[PDB]
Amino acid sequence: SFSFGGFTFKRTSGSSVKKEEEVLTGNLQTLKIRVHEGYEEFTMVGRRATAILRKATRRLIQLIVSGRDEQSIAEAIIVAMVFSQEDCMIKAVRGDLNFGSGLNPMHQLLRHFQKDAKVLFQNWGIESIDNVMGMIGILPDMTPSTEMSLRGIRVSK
């Protein structure tokens, strides 16, 4: 169990080791980040939202988020997208990432997208979805949809 972005993450299956890696942001800043390598499954519980997360090396496999309102659901999605370490998120950064107490690089990334996530969501990718009991899609602009969704993401009740 650990905490990230105001969410408690508890690992329900799988595992990971960490390898340092250099990466190039969409503002062309180089960062050394600790990459988690492994298939892992988690629950996330924040103050206003809950989720199930399955991921692998720099890849979000599935996120099912349950939340109180649009605002809360969004915050959960942003934390799980940054936590995924996917390169479309790395490449969505605009402006430099300063400092820093307080802030290893994953937190810097998070603080950046928490100030504004529009570009993160635009660039993530969408997919058509099927009908699944208790599950609905969320579009890049955060409105609901039965036909499409942000890739890997679904909203529960």
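One rule holds for the numbers: they count along the sequence shown, beginning at 1.
- Judged by mean Cα B factor in the deposited record, 92-100 ranks above the other of 29-37 and 92-100.
- A summary of the deposited B-factors shows that, of 9-17 and 145-153, the stretch with the larger mean C-alpha value is 9-17.
- Ranking 66, 43, 122, 57 by the C-alpha B-factor listed in the PDB entry places 122 at the top.
- Per the PDB record, residue ranking by Cα B-factor puts residue 128 in the middle third of the chain.
- Among the modelled residues of the chain, residue 50 sits in the lowest third by CA temperature factor in this PDB entry.
- For residue 62, the recorded CA temperature factor ranks within the lowest third of the chain's modelled residues.
- In the deposited entry, the Cα temperature factor of residue 140 places it in the middle third of its chain's modelled residues.
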